[PDB]
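*Asks:* What follows is coords_32.txt; its format and atoms are compact mmCIF, N, CA and C atoms.
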```
# COMPACT_ATOMS: atom_id res chain seq x y z
N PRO N 125 -42.73 45.22 -250.29
CA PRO N 125 -42.67 46.40 -249.37
C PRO N 125 -44.03 47.05 -249.09
N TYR N 126 -44.17 47.93 -248.11
CA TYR N 126 -45.42 48.57 -247.86
C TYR N 126 -45.00 50.03 -247.81
N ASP N 127 -45.93 50.85 -248.47
CA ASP N 127 -45.74 52.19 -248.70
C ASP N 127 -46.55 52.95 -247.80
N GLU N 128 -46.32 54.28 -247.89
CA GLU N 128 -47.09 55.21 -247.16
C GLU N 128 -48.57 55.05 -247.58
N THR N 129 -49.49 55.46 -246.68
CA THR N 129 -50.95 55.41 -246.76
C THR N 129 -51.62 54.01 -246.70
N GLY N 130 -50.77 53.01 -246.45
CA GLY N 130 -51.17 51.67 -246.18
C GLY N 130 -51.34 50.91 -247.41
N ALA N 131 -50.76 51.39 -248.52
CA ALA N 131 -50.71 50.68 -249.71
C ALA N 131 -49.53 49.65 -249.63
N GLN N 132 -49.41 48.73 -250.57
CA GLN N 132 -48.22 47.92 -250.73
C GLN N 132 -47.85 48.01 -252.18
N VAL N 133 -46.54 48.12 -252.47
CA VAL N 133 -46.08 48.23 -253.81
C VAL N 133 -44.93 47.21 -253.82
N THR N 134 -44.50 46.76 -255.04
CA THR N 134 -43.16 46.15 -255.18
C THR N 134 -42.10 47.23 -255.23
N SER N 135 -42.34 48.35 -255.90
CA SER N 135 -41.30 49.33 -256.25
C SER N 135 -40.57 49.96 -255.05
N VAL N 136 -39.30 50.23 -255.26
CA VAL N 136 -38.46 51.14 -254.43
C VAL N 136 -38.17 52.27 -255.38
N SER N 137 -38.18 53.49 -254.82
CA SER N 137 -37.54 54.62 -255.49
C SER N 137 -36.97 55.41 -254.35
N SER N 138 -35.73 55.89 -254.58
CA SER N 138 -35.01 56.53 -253.54
C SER N 138 -35.34 58.03 -253.44
N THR N 139 -34.93 58.67 -252.27
CA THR N 139 -34.88 60.13 -252.18
C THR N 139 -33.72 60.68 -253.03
N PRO N 140 -33.70 61.85 -253.79
CA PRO N 140 -32.60 62.31 -254.61
C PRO N 140 -31.86 63.28 -253.73
N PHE N 141 -30.53 63.35 -253.88
CA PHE N 141 -29.67 64.23 -253.04
C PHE N 141 -29.67 65.59 -253.67
N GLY N 142 -29.96 66.61 -252.83
CA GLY N 142 -30.04 68.05 -253.14
C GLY N 142 -31.51 68.56 -253.22
N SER N 143 -32.43 67.80 -252.70
CA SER N 143 -33.83 68.14 -252.64
C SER N 143 -34.45 67.42 -251.40
N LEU N 144 -33.63 67.18 -250.38
CA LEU N 144 -33.96 66.73 -249.04
C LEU N 144 -34.42 67.89 -248.19
N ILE N 145 -34.93 67.56 -247.00
CA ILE N 145 -35.37 68.66 -246.10
C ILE N 145 -34.51 68.71 -244.93
N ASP N 146 -33.94 69.87 -244.67
CA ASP N 146 -32.92 70.11 -243.68
C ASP N 146 -33.64 70.27 -242.38
N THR N 147 -32.81 70.16 -241.33
CA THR N 147 -33.24 70.47 -239.97
C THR N 147 -32.45 71.75 -239.59
N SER N 148 -31.67 72.36 -240.52
CA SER N 148 -30.78 73.51 -240.21
C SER N 148 -31.44 74.81 -239.89
N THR N 149 -32.58 75.16 -240.53
CA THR N 149 -33.49 76.21 -240.22
C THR N 149 -34.84 75.75 -240.84
N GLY N 150 -34.81 74.42 -241.20
CA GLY N 150 -36.05 73.79 -241.64
C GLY N 150 -36.21 73.98 -243.10
N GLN N 151 -34.98 74.05 -243.80
CA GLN N 151 -34.81 74.50 -245.15
C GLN N 151 -34.77 73.36 -246.05
N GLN N 152 -33.88 73.44 -247.10
CA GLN N 152 -33.81 72.39 -248.16
C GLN N 152 -32.36 72.47 -248.58
N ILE N 153 -31.68 71.35 -248.75
CA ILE N 153 -30.32 71.35 -249.06
C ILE N 153 -30.07 71.59 -250.52
N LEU N 154 -28.93 72.26 -250.76
CA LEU N 154 -28.55 72.76 -252.12
C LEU N 154 -28.52 71.61 -253.13
N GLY N 155 -28.48 72.03 -254.43
CA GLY N 155 -28.58 71.01 -255.50
C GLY N 155 -27.21 70.51 -255.78
N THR N 156 -26.20 71.42 -255.46
CA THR N 156 -24.84 71.09 -255.69
C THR N 156 -24.31 71.15 -254.25
N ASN N 157 -23.58 70.09 -253.93
CA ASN N 157 -23.07 69.92 -252.55
C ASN N 157 -21.55 69.66 -252.76
N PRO N 158 -20.71 69.71 -251.72
CA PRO N 158 -19.28 69.38 -251.91
C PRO N 158 -19.27 67.90 -252.04
N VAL N 159 -20.08 67.19 -251.26
CA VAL N 159 -20.23 65.78 -251.35
C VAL N 159 -20.69 65.30 -252.68
N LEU N 160 -21.59 66.10 -253.38
CA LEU N 160 -22.08 65.87 -254.73
C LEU N 160 -20.96 65.73 -255.79
N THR N 161 -20.08 66.79 -255.90
CA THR N 161 -19.05 66.92 -256.89
C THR N 161 -17.91 66.01 -256.55
N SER N 162 -17.65 65.75 -255.27
CA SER N 162 -16.76 64.76 -254.76
C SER N 162 -17.15 63.40 -255.28
N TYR N 163 -18.42 63.06 -255.34
CA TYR N 163 -18.89 61.72 -255.80
C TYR N 163 -19.09 61.75 -257.34
N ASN N 164 -19.56 62.90 -257.98
CA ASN N 164 -19.80 63.08 -259.40
C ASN N 164 -18.55 62.80 -260.20
N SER N 165 -17.35 62.69 -259.59
CA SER N 165 -16.19 62.07 -260.13
C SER N 165 -15.51 61.32 -259.05
N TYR N 166 -16.22 60.62 -258.16
CA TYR N 166 -15.59 59.77 -257.08
C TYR N 166 -14.36 58.95 -257.32
N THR N 167 -14.22 58.47 -258.53
CA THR N 167 -13.06 57.72 -259.09
C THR N 167 -11.71 58.35 -258.76
N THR N 168 -11.66 59.67 -258.60
CA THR N 168 -10.47 60.32 -258.11
C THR N 168 -10.83 61.20 -256.98
N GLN N 169 -11.98 61.82 -257.09
CA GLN N 169 -12.36 62.89 -256.39
C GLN N 169 -13.05 62.51 -255.13
N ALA N 170 -13.29 61.19 -254.86
CA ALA N 170 -13.52 60.80 -253.45
C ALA N 170 -12.25 60.61 -252.64
N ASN N 171 -11.02 60.73 -253.17
CA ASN N 171 -9.84 60.38 -252.49
C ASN N 171 -9.32 61.64 -251.87
N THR N 172 -10.00 62.77 -252.04
CA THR N 172 -9.73 64.15 -251.75
C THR N 172 -8.25 64.61 -251.53
N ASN N 173 -7.89 65.06 -250.29
CA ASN N 173 -6.66 65.66 -249.90
C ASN N 173 -6.60 65.32 -248.45
N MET N 174 -5.81 64.21 -248.19
CA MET N 174 -5.45 63.80 -246.90
C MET N 174 -6.50 62.98 -246.21
N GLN N 175 -7.75 63.15 -246.65
CA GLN N 175 -9.00 62.69 -246.10
C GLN N 175 -9.68 61.81 -247.23
N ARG Z 74 -53.71 102.51 -239.44
CA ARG Z 74 -53.64 101.01 -239.39
C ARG Z 74 -53.89 100.43 -240.72
N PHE Z 75 -53.47 99.14 -240.95
CA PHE Z 75 -53.69 98.37 -242.17
C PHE Z 75 -55.11 97.78 -242.20
N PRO Z 76 -55.70 97.48 -243.38
CA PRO Z 76 -57.14 97.15 -243.51
C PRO Z 76 -57.64 96.00 -242.67
N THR Z 77 -58.95 95.97 -242.22
CA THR Z 77 -59.51 94.79 -241.64
C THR Z 77 -60.14 93.84 -242.68
N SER Z 78 -60.26 94.32 -243.95
CA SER Z 78 -60.83 93.64 -245.07
C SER Z 78 -60.35 94.40 -246.22
N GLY Z 79 -60.18 93.71 -247.39
CA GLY Z 79 -59.55 94.29 -248.56
C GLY Z 79 -58.04 94.25 -248.39
N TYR Z 80 -57.35 93.27 -247.84
CA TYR Z 80 -55.88 93.16 -247.62
C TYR Z 80 -55.41 91.81 -247.99
N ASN Z 81 -54.12 91.56 -247.73
CA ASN Z 81 -53.50 90.27 -247.84
C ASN Z 81 -52.44 90.28 -246.67
N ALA Z 82 -52.58 89.24 -245.81
CA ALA Z 82 -51.72 89.08 -244.67
C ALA Z 82 -51.18 87.80 -244.94
N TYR Z 83 -49.85 87.69 -245.09
CA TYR Z 83 -49.24 86.47 -245.56
C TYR Z 83 -48.60 85.80 -244.37
N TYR Z 84 -48.63 84.43 -244.33
CA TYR Z 84 -48.24 83.74 -243.13
C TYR Z 84 -47.12 82.85 -243.52
N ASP Z 85 -45.88 83.27 -243.44
CA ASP Z 85 -44.68 82.49 -243.61
C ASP Z 85 -44.57 81.57 -242.44
N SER Z 86 -44.91 80.22 -242.54
CA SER Z 86 -44.96 79.33 -241.38
C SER Z 86 -43.61 78.61 -241.25
N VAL Z 87 -42.53 79.16 -241.85
CA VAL Z 87 -41.22 78.59 -241.73
C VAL Z 87 -40.36 79.49 -240.84
N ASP Z 88 -40.62 80.83 -240.82
CA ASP Z 88 -40.09 81.72 -239.75
C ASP Z 88 -41.19 81.93 -238.71
N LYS Z 89 -42.46 81.62 -239.08
CA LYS Z 89 -43.65 81.71 -238.38
C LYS Z 89 -43.98 83.15 -238.13
N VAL Z 90 -44.17 83.97 -239.21
CA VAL Z 90 -44.30 85.43 -239.04
C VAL Z 90 -45.44 85.84 -240.00
N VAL Z 91 -46.30 86.79 -239.53
CA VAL Z 91 -47.44 87.33 -240.28
C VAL Z 91 -46.91 88.68 -240.78
N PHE Z 92 -46.96 88.87 -242.21
CA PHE Z 92 -46.36 90.13 -242.83
C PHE Z 92 -47.40 90.63 -243.80
N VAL Z 93 -47.34 91.96 -244.20
CA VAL Z 93 -48.25 92.66 -245.05
C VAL Z 93 -47.25 93.49 -245.78
N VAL Z 94 -47.36 93.67 -247.12
CA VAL Z 94 -46.43 94.55 -247.79
C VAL Z 94 -47.21 95.63 -248.44
N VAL Z 95 -46.80 96.90 -248.35
CA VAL Z 95 -47.54 98.01 -248.86
C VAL Z 95 -46.41 98.85 -249.47
N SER Z 96 -46.65 99.42 -250.67
CA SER Z 96 -45.86 100.39 -251.26
C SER Z 96 -46.05 101.75 -250.42
N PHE Z 97 -44.90 102.32 -250.00
CA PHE Z 97 -44.96 103.58 -249.27
C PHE Z 97 -44.23 104.66 -250.06
N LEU Z 98 -42.95 105.02 -249.67
CA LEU Z 98 -42.21 106.26 -249.95
C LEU Z 98 -42.05 106.74 -251.34
N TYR Z 99 -41.47 107.97 -251.30
CA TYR Z 99 -41.23 108.78 -252.37
C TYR Z 99 -40.55 108.11 -253.55
N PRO Z 100 -40.89 108.44 -254.77
CA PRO Z 100 -42.01 109.24 -255.21
C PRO Z 100 -43.35 108.57 -255.03
N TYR Z 101 -43.51 107.24 -255.31
CA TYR Z 101 -44.88 106.82 -255.66
C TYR Z 101 -45.40 105.98 -254.53
N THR Z 102 -46.56 106.44 -253.99
CA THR Z 102 -47.35 105.70 -253.05
C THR Z 102 -48.67 105.42 -253.75
N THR Z 103 -49.11 106.49 -254.56
CA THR Z 103 -50.29 106.58 -255.31
C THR Z 103 -50.35 105.47 -256.29
N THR Z 104 -49.27 105.35 -257.02
CA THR Z 104 -49.11 104.38 -258.10
C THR Z 104 -48.49 103.13 -257.50
N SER Z 105 -49.50 102.24 -257.03
CA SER Z 105 -49.34 100.95 -256.34
C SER Z 105 -48.77 100.02 -257.39
N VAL Z 106 -47.79 99.26 -256.85
CA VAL Z 106 -47.16 98.34 -257.69
C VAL Z 106 -46.84 97.31 -256.78
N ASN Z 107 -47.14 96.08 -257.21
CA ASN Z 107 -46.78 94.90 -256.47
C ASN Z 107 -45.38 94.86 -256.07
N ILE Z 108 -45.14 94.36 -254.83
CA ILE Z 108 -43.94 94.42 -254.29
C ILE Z 108 -43.27 93.06 -254.72
N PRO Z 109 -42.03 92.86 -255.15
CA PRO Z 109 -41.43 91.60 -255.46
C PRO Z 109 -41.22 90.78 -254.22
N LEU Z 110 -41.04 89.50 -254.53
CA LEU Z 110 -40.68 88.43 -253.61
C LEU Z 110 -39.23 88.37 -253.42
N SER Z 111 -38.45 89.18 -254.10
CA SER Z 111 -37.06 88.82 -254.36
C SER Z 111 -36.29 89.24 -253.13
N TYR Z 112 -36.28 90.54 -252.78
CA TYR Z 112 -35.66 91.16 -251.61
C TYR Z 112 -36.26 90.73 -250.19
N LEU Z 113 -37.48 90.09 -250.19
CA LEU Z 113 -38.25 89.61 -249.09
C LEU Z 113 -37.72 88.31 -248.76
N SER Z 114 -37.32 87.45 -249.73
CA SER Z 114 -36.63 86.20 -249.38
C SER Z 114 -35.29 86.43 -248.67
N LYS Z 115 -34.64 87.64 -248.90
CA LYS Z 115 -33.49 88.11 -248.11
C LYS Z 115 -33.66 88.27 -246.63
N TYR Z 116 -34.76 88.90 -246.31
CA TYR Z 116 -35.08 89.43 -245.04
C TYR Z 116 -35.99 88.54 -244.20
N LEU Z 117 -36.43 87.39 -244.90
CA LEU Z 117 -37.08 86.34 -244.18
C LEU Z 117 -36.40 85.11 -244.79
N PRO Z 118 -35.64 84.33 -244.01
CA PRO Z 118 -35.08 83.03 -244.31
C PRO Z 118 -36.00 81.83 -244.39
N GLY Z 119 -37.36 82.12 -244.60
CA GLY Z 119 -38.43 81.12 -244.65
C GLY Z 119 -39.31 81.32 -245.85
N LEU Z 120 -38.97 82.35 -246.63
CA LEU Z 120 -39.42 82.67 -247.99
C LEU Z 120 -38.21 82.41 -248.89
N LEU Z 121 -37.16 81.99 -248.19
CA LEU Z 121 -36.04 81.34 -248.78
C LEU Z 121 -36.19 79.83 -248.74
N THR Z 122 -37.28 79.25 -248.19
CA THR Z 122 -37.61 77.83 -248.21
C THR Z 122 -38.90 77.59 -248.89
N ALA Z 123 -39.97 78.26 -248.45
CA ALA Z 123 -41.35 77.85 -249.00
C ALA Z 123 -42.24 79.00 -248.92
N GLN Z 124 -43.35 78.81 -249.66
CA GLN Z 124 -44.44 79.81 -249.90
C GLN Z 124 -45.21 80.20 -248.65
```
Take the structure from the file and write it as structure tokens.
*Replies:*
Amino acid sequence: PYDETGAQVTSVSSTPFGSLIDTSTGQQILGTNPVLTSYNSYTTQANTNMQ
Amino acid sequence: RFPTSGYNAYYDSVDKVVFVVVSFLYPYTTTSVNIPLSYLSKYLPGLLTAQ
């Protein structure tokens, strides 16, 4: 892969959810999200209610 | 007017606003005390994002 600044690395490291940059007022998204806790026990809790 | 030198004019570039904070009203104007960041992040939604 090729990284920012024109370096090349083998490594991937992902962006972490709850420390992204919003376009909502140019803010930062919360550390705890409904999507977060929904996935933090996805095994049941992704199956929600009707949805 | 506020000082031309000897001040601090802070530039929140997330609401894009130039602000100055000064201790005013009763009782103490004389006895200057730094103003907190806490209630200012309320009233500017861009000190609720970044410095």
*Asks:* Taking only C-alpha atoms into account, which residues of chain N are within 12 Å of chain Z, as a list in words?
*Replies:*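 Filtering chain N at 12 Å from chain Z with only C-alpha atoms gives residues 143, 144, 145, 146, 147, 148, 149, 150, 151, 152, 153 and 154 of chain N.
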*Asks:* In Å, with one decimal, what is the gap from atom C of residue N:125 to atom C of residue N:142?
*Replies:*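 Straight-line distance from atom C of residue N:125 to atom C of residue N:142 works out to 25.2 Å.
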*Asks:* So how far away is atom CA of residue Z:105 from atom CA of residue Z:84, in Å?
*Replies:*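 Between these atoms lies a distance of 21.7 Å.
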*Asks:* Which residues in chain Z does DSSP call strand (DSSP E or B)? List them as a short mmCIF file (atom, residue, chain, number, x, y, z; two decimals) with N, CA and C atoms, in the frame of the given file.
*Replies:*
```cif
data_model
loop_
_atom_site.label_atom_id
_atom_site.label_comp_id
_atom_site.auth_asym_id
_atom_site.auth_seq_id
_atom_site.Cartn_x
_atom_site.Cartn_y
_atom_site.Cartn_z
N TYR Z 83 -49.85 87.69 -245.09
CA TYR Z 83 -49.24 86.47 -245.56
C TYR Z 83 -48.60 85.80 -244.37
N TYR Z 84 -48.63 84.43 -244.33
CA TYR Z 84 -48.24 83.74 -243.13
C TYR Z 84 -47.12 82.85 -243.52
N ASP Z 85 -45.88 83.27 -243.44
CA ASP Z 85 -44.68 82.49 -243.61
C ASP Z 85 -44.57 81.57 -242.44
N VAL Z 90 -44.17 83.97 -239.21
CA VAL Z 90 -44.30 85.43 -239.04
C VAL Z 90 -45.44 85.84 -240.00
N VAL Z 91 -46.30 86.79 -239.53
CA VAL Z 91 -47.44 87.33 -240.28
C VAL Z 91 -46.91 88.68 -240.78
N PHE Z 92 -46.96 88.87 -242.21
CA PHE Z 92 -46.36 90.13 -242.83
C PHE Z 92 -47.40 90.63 -243.80
#
```
*Asks:* Please report the interatomic distance between atom CA of residue Z:93 and atom N of residue Z:80 in Å with one decimal.
*Replies:*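 We find that atom CA of residue Z:93 and atom N of residue Z:80 lie 9.5 Å from each other.
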